[PDB]
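Undergrad: I am sharing target-v8.pdb, which consists of PDB, C-alpha atoms:
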ATOM      1  CA  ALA A   1     -81.231  62.301 160.271
ATOM      2  CA  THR A   2     -83.243  59.476 158.824
ATOM      3  CA  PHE A   3     -85.825  57.558 160.857
ATOM      4  CA  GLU A   4     -87.426  54.430 159.460
ATOM      5  CA  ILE A   5     -90.726  53.737 161.194
ATOM      6  CA  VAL A   6     -91.899  50.134 160.817
ATOM      7  CA  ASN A   7     -95.221  48.640 161.822
ATOM      8  CA  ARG A   8     -94.706  44.965 162.677
ATOM      9  CA  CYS A   9     -98.057  44.854 164.534
ATOM     10  CA  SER A  10    -100.835  42.720 163.087
ATOM     11  CA  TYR A  11    -103.098  45.779 163.233
ATOM     12  CA  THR A  12    -102.942  49.168 161.504
ATOM     13  CA  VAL A  13    -101.366  52.049 163.415
ATOM     14  CA  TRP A  14    -101.142  55.728 162.595
ATOM     15  CA  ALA A  15     -97.584  56.821 163.275
ATOM     16  CA  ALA A  16     -96.956  60.351 164.509
ATOM     17  CA  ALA A  17     -93.834  62.496 164.755
ATOM     18  CA  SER A  18     -93.669  65.913 166.421
ATOM     19  CA  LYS A  19     -91.464  68.187 168.494
ATOM     20  CA  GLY A  20     -94.438  69.652 170.331
ATOM     21  CA  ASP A  21     -94.875  72.922 168.462
ATOM     22  CA  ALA A  22     -94.396  71.517 164.956
ATOM     23  CA  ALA A  23     -94.630  68.382 162.867
ATOM     24  CA  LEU A  24     -91.510  66.409 162.053
ATOM     25  CA  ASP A  25     -91.580  65.643 158.336
ATOM     26  CA  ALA A  26     -95.235  65.055 157.388
ATOM     27  CA  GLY A  27     -96.171  64.588 161.068
ATOM     28  CA  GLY A  28     -98.224  61.435 160.645
ATOM     29  CA  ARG A  29     -99.210  58.588 158.357
ATOM     30  CA  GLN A  30    -101.204  55.385 158.261
ATOM     31  CA  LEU A  31     -99.067  52.234 158.496
ATOM     32  CA  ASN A  32    -100.732  48.961 157.660
ATOM     33  CA  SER A  33     -99.219  45.785 159.055
ATOM     34  CA  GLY A  34     -95.719  45.446 157.636
ATOM     35  CA  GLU A  35     -95.446  48.947 156.167
ATOM     36  CA  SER A  36     -92.407  51.189 156.582
ATOM     37  CA  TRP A  37     -92.308  54.986 156.556
ATOM     38  CA  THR A  38     -89.044  56.874 156.163
ATOM     39  CA  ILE A  39     -88.872  60.408 157.516
ATOM     40  CA  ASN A  40     -86.186  63.052 157.647
ATOM     41  CA  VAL A  41     -85.616  64.923 160.889
ATOM     42  CA  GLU A  42     -83.573  68.130 160.849
ATOM     43  CA  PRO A  43     -80.209  68.030 162.640
ATOM     44  CA  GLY A  44     -80.280  69.762 166.008
ATOM     45  CA  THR A  45     -83.871  68.767 166.692
ATOM     46  CA  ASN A  46     -84.456  68.894 170.427
ATOM     47  CA  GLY A  47     -87.314  67.124 172.162
ATOM     48  CA  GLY A  48     -88.681  65.122 169.253
ATOM     49  CA  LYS A  49     -91.100  62.252 169.834
ATOM     50  CA  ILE A  50     -92.476  59.404 167.735
ATOM     51  CA  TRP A  51     -95.500  57.360 168.781
ATOM     52  CA  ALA A  52     -98.257  55.145 167.447
ATOM     53  CA  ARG A  53    -101.967  55.916 167.446
ATOM     54  CA  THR A  54    -104.610  53.207 167.425
ATOM     55  CA  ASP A  55    -108.196  52.927 166.186
ATOM     56  CA  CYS A  56    -108.257  56.114 164.126
ATOM     57  CA  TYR A  57    -110.899  57.475 161.757
ATOM     58  CA  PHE A  58    -109.925  60.318 159.408
ATOM     59  CA  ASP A  59    -111.869  62.056 156.662
ATOM     60  CA  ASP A  60    -110.463  63.182 153.310
ATOM     61  CA  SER A  61    -109.166  66.402 154.878
ATOM     62  CA  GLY A  62    -107.064  64.564 157.467
ATOM     63  CA  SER A  63    -109.393  65.367 160.357
ATOM     64  CA  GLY A  64    -110.777  62.812 162.789
ATOM     65  CA  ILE A  65    -110.107  60.946 165.985
ATOM     66  CA  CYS A  66    -107.974  58.159 167.483
ATOM     67  CA  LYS A  67    -108.535  56.132 170.658
ATOM     68  CA  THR A  68    -104.915  56.446 171.774
ATOM     69  CA  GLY A  69    -102.421  59.157 171.008
ATOM     70  CA  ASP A  70    -104.801  61.574 169.301
ATOM     71  CA  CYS A  71    -103.080  64.871 168.460
ATOM     72  CA  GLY A  72    -105.972  67.324 168.324
ATOM     73  CA  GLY A  73    -107.857  65.295 165.738
ATOM     74  CA  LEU A  74    -105.269  65.595 162.948
ATOM     75  CA  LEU A  75    -103.706  62.899 160.789
ATOM     76  CA  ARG A  76    -100.582  65.022 160.469
ATOM     77  CA  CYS A  77     -99.596  65.845 164.053
ATOM     78  CA  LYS A  78     -98.201  69.240 164.976
ATOM     79  CA  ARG A  79     -98.512  68.691 168.721
ATOM     80  CA  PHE A  80     -98.020  65.774 171.101
ATOM     81  CA  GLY A  81    -100.638  63.079 171.525
ATOM     82  CA  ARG A  82    -103.168  62.192 174.188
ATOM     83  CA  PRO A  83    -102.051  59.491 176.643
ATOM     84  CA  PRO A  84    -101.705  56.583 176.768
ATOM     85  CA  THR A  85     -98.727  56.626 174.399
ATOM     86  CA  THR A  86     -95.501  54.654 174.450
ATOM     87  CA  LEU A  87     -92.916  57.292 173.458
ATOM     88  CA  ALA A  88     -89.726  57.191 171.435
ATOM     89  CA  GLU A  89     -87.873  60.362 172.476
ATOM     90  CA  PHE A  90     -84.816  61.986 170.980
ATOM     91  CA  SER A  91     -82.619  65.044 170.910
ATOM     92  CA  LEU A  92     -80.146  65.245 168.043
ATOM     93  CA  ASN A  93     -76.750  66.932 167.682
ATOM     94  CA  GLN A  94     -76.556  68.187 171.240
ATOM     95  CA  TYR A  95     -72.918  69.194 171.619
ATOM     96  CA  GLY A  96     -71.828  66.384 169.317
ATOM     97  CA  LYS A  97     -74.104  63.632 170.618
ATOM     98  CA  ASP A  98     -77.577  62.218 170.026
ATOM     99  CA  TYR A  99     -79.719  61.153 172.988
ATOM    100  CA  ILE A 100     -82.486  58.579 172.685
ATOM    101  CA  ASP A 101     -84.881  56.860 175.083
ATOM    102  CA  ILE A 102     -88.214  55.132 175.429
ATOM    103  CA  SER A 103     -90.638  56.500 177.989
ATOM    104  CA  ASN A 104     -93.740  55.188 179.747
ATOM    105  CA  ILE A 105     -94.237  58.474 181.624
ATOM    106  CA  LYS A 106     -97.319  59.125 179.443
ATOM    107  CA  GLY A 107     -98.459  55.511 179.622
ATOM    108  CA  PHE A 108     -98.244  52.646 177.164
ATOM    109  CA  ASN A 109    -100.312  51.703 174.128
ATOM    110  CA  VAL A 110     -98.101  49.779 171.663
ATOM    111  CA  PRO A 111     -94.842  47.850 172.234
ATOM    112  CA  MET A 112     -91.765  49.484 170.742
ATOM    113  CA  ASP A 113     -88.120  49.023 169.784
ATOM    114  CA  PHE A 114     -85.994  52.137 169.162
ATOM    115  CA  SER A 115     -82.587  51.326 167.673
ATOM    116  CA  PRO A 116     -79.813  53.028 165.710
ATOM    117  CA  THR A 117     -79.258  51.823 162.145
ATOM    118  CA  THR A 118     -75.726  53.241 162.221
ATOM    119  CA  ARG A 119     -72.906  52.163 164.564
ATOM    120  CA  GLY A 120     -71.806  53.465 167.946
ATOM    121  CA  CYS A 121     -74.596  52.702 170.416
ATOM    122  CA  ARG A 122     -77.284  50.221 171.433
ATOM    123  CA  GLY A 123     -81.048  50.336 171.122
ATOM    124  CA  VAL A 124     -83.780  50.179 173.738
ATOM    125  CA  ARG A 125     -87.027  48.252 173.826
ATOM    126  CA  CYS A 126     -90.278  48.002 175.745
ATOM    127  CA  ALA A 127     -92.129  44.970 174.419
ATOM    128  CA  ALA A 128     -93.854  43.421 177.423
ATOM    129  CA  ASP A 129     -97.631  42.948 177.568
ATOM    130  CA  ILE A 130     -98.255  46.059 179.627
ATOM    131  CA  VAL A 131    -101.829  46.446 178.404
ATOM    132  CA  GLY A 132    -102.754  42.877 179.390
ATOM    133  CA  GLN A 133    -101.195  43.201 182.836
ATOM    134  CA  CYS A 134    -102.278  46.822 183.445
ATOM    135  CA  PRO A 135    -103.598  47.544 186.971
ATOM    136  CA  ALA A 136    -107.382  48.018 186.963
ATOM    137  CA  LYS A 137    -107.296  51.691 187.914
ATOM    138  CA  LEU A 138    -104.877  52.524 185.076
ATOM    139  CA  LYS A 139    -106.727  50.736 182.271
ATOM    140  CA  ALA A 140    -107.912  53.046 179.500
ATOM    141  CA  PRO A 141    -111.293  52.125 177.954
ATOM    142  CA  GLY A 142    -110.086  53.035 174.459
ATOM    143  CA  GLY A 143    -107.152  50.738 174.908
ATOM    144  CA  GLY A 144    -103.825  51.131 176.570
ATOM    145  CA  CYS A 145    -102.495  51.580 180.092
ATOM    146  CA  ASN A 146    -102.442  55.098 181.512
ATOM    147  CA  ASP A 147     -99.724  56.512 183.693
ATOM    148  CA  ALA A 148    -100.734  57.485 187.239
ATOM    149  CA  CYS A 149    -100.227  61.228 186.671
ATOM    150  CA  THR A 150    -102.769  61.240 183.850
ATOM    151  CA  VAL A 151    -105.284  59.315 185.951
ATOM    152  CA  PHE A 152    -104.947  60.860 189.426
ATOM    153  CA  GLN A 153    -103.378  64.313 188.860
ATOM    154  CA  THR A 154    -101.410  64.436 192.135
ATOM    155  CA  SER A 155     -98.159  66.230 192.833
ATOM    156  CA  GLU A 156     -96.522  62.900 193.689
ATOM    157  CA  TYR A 157     -97.406  61.101 190.436
ATOM    158  CA  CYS A 158     -96.793  64.156 188.254
ATOM    159  CA  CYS A 159     -93.634  65.174 190.163
ATOM    160  CA  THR A 160     -94.891  68.743 190.135
ATOM    161  CA  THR A 161     -92.601  70.045 192.899
ATOM    162  CA  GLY A 162     -89.542  68.415 191.353
ATOM    163  CA  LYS A 163     -89.499  66.053 194.290
ATOM    164  CA  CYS A 164     -91.201  62.696 194.036
ATOM    165  CA  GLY A 165     -90.399  59.040 194.475
ATOM    166  CA  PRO A 166     -91.306  55.827 192.704
ATOM    167  CA  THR A 167     -94.842  54.604 193.358
ATOM    168  CA  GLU A 168     -96.787  51.338 193.177
ATOM    169  CA  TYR A 169     -97.895  52.411 189.698
ATOM    170  CA  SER A 170     -94.480  53.470 188.384
ATOM    171  CA  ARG A 171     -92.954  50.216 189.680
ATOM    172  CA  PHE A 172     -95.442  48.279 187.567
ATOM    173  CA  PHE A 173     -94.162  49.899 184.367
ATOM    174  CA  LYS A 174     -90.554  49.510 185.526
ATOM    175  CA  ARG A 175     -90.908  45.802 186.339
ATOM    176  CA  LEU A 176     -92.209  45.023 182.865
ATOM    177  CA  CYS A 177     -89.927  47.469 181.009
ATOM    178  CA  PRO A 178     -86.758  48.275 182.940
ATOM    179  CA  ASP A 179     -85.199  50.140 180.020
ATOM    180  CA  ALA A 180     -87.960  52.762 179.767
ATOM    181  CA  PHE A 181     -88.615  55.795 181.967
ATOM    182  CA  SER A 182     -91.368  54.927 184.467
ATOM    183  CA  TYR A 183     -91.730  58.302 186.243
ATOM    184  CA  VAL A 184     -90.247  61.772 185.919
ATOM    185  CA  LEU A 185     -87.269  61.269 188.254
ATOM    186  CA  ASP A 186     -86.512  57.696 187.277
ATOM    187  CA  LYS A 187     -82.825  56.836 186.988
ATOM    188  CA  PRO A 188     -82.180  57.775 183.353
ATOM    189  CA  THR A 189     -82.260  55.047 180.723
ATOM    190  CA  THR A 190     -81.135  57.450 178.023
ATOM    191  CA  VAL A 191     -78.698  56.109 175.446
ATOM    192  CA  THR A 192     -75.933  58.309 174.057
ATOM    193  CA  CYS A 193     -75.253  57.887 170.334
ATOM    194  CA  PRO A 194     -72.824  59.597 167.966
ATOM    195  CA  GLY A 195     -74.204  62.874 166.622
ATOM    196  CA  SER A 196     -76.070  62.465 163.306
ATOM    197  CA  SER A 197     -76.901  58.784 163.779
ATOM    198  CA  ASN A 198     -79.878  57.266 161.937
ATOM    199  CA  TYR A 199     -82.610  55.205 163.564
ATOM    200  CA  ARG A 200     -85.413  52.698 163.239
ATOM    201  CA  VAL A 201     -88.560  52.663 165.359
ATOM    202  CA  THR A 202     -90.375  49.329 165.214
ATOM    203  CA  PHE A 203     -93.876  48.887 166.588
ATOM    204  CA  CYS A 204     -94.559  45.361 167.937
ATOM    205  CA  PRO A 205     -90.934  44.231 167.541
ATOM    206  CA  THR A 206     -91.601  40.719 168.858
ATOM    207  CA  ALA A 207     -95.310  40.498 168.016
TER     208      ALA A 207
END
Is it possible to express this structure as structure tokens?
TA:
Amino acid sequence: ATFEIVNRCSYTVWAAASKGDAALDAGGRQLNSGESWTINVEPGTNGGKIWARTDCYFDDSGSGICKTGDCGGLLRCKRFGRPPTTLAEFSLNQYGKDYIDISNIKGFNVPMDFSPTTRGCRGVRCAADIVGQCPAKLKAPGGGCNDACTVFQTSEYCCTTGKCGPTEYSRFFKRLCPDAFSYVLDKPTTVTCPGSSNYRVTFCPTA
């Protein structure tokens, strides 16, 4: 499958793509404002994620740091990033279908649209000003709006026991972005697409 990753933000982001134990394609790249990066993701990929990283500094060897979404200090991510990270999530060719969603379960850093470029399903978007409206206790100094599990590490926020409800904090994310997951047991906002669809992820789709 092809993913086109587009930075429509006015600031540079460092895109990342991983399935947790491996890079997808090159795993990461700098995207200046307006730039597009096309990657190829193997059919059958389960549990892939794409996200943006902000305020990064990398040396010639591809080693450094980012203020949001850092993946162990690498430009080319092999593992998932440090919250807060708005997440585009996908599993491809699962018994004939692709499944896509956006998640705020690991917080929010950059607004996002995640849409098919082929026919058969709709896209999803979270483009509200979550960072500007972020509750004081969830604000991340480096930028972004943390999820409550990251901040407070309780069974209820992290849904550790497999039983948990919505919370004041999850409802904040859900109010601003109804079409994204706001906590682990949220009513699913997953979209089902035809197997082997292609996609575009756009950072700052309205900004």
Undergrad: In Å, how far is it from atom CA of residue 3 of chain A to atom CA of residue 197 of chain A?
TA: 9.5 Å
Undergrad: Env of residue 6 of chain A: 8 Å cut, atoms = all atoms listed in the file, seq-sep filter 3 positions within chain, self excluded. Answer as a ChimeraX atom specification.
TA: /A:31,34-37,200-203
Undergrad: Check which residues satisfy the PyMOL selection byres ((chain A and resi 42-44) around 9) in the file shown, then give them as a count of residues only.
TA: 15
Undergrad: Any chance you could work out the residue set of the PyMOL selection byres ((chain A and resi 60-74) around 12) here, as a PyMOL selection string?
TA: chain A and resi 12-18+20-23+26-30+49-59+75-87+106-110+140-146
Undergrad: Suppose a student applies the PyMOL selection byres ((chain A and resi 133) around 12) to this structure; what residues should they get, written as an NGL selection string?
TA: :A and (108 or 128-132 or 134-139 or 144-145 or 169 or 172-173 or 175-176)
Undergrad: How far is it from atom CA of residue 205 of chain A to atom CA of residue 114 of chain A, in Å with one decimal?
TA: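 These atoms are spaced 9.5 Å apart.
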Undergrad: I'd like the neighbourhood of residue 127 of chain A as a VMD selection string, where a residue qualifies if any of its atoms comes within 8 Å (using only C-alpha atoms), though same-chain residues fewer than 3 positions away should be ignored.
TA: chain A and resid 111 to 113 177 204 to 206
Undergrad: As an exercise, work out the distance from atom CA of residue 194 of chain A to atom CA of residue 97 of chain A in Å and give it to one decimal place.
TA: 5.0 Å
Undergrad: Given only C-alpha atoms as the basis, pick out the residue of A:4, A:170, A:163, A:179 nearest to residue 191 of chain A.
TA: A:179
Undergrad: Residues near residue 149 of chain A, anyone? I mean within 7 Å using all atoms listed in the file, not counting same-chain ones fewer than 5 positions away, as a list in words.
TA: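 My list of contacting residues is residues 154, 157 and 158 of chain A.
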Undergrad: From the options A:162, A:116, A:188, A:96, which residue's atoms come nearest to residue 5 of chain A, counting only C-alpha atoms?
TA: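 Ranking A:162, A:116, A:188, A:96 by distance to residue 5 of chain A, first place goes to A:116.
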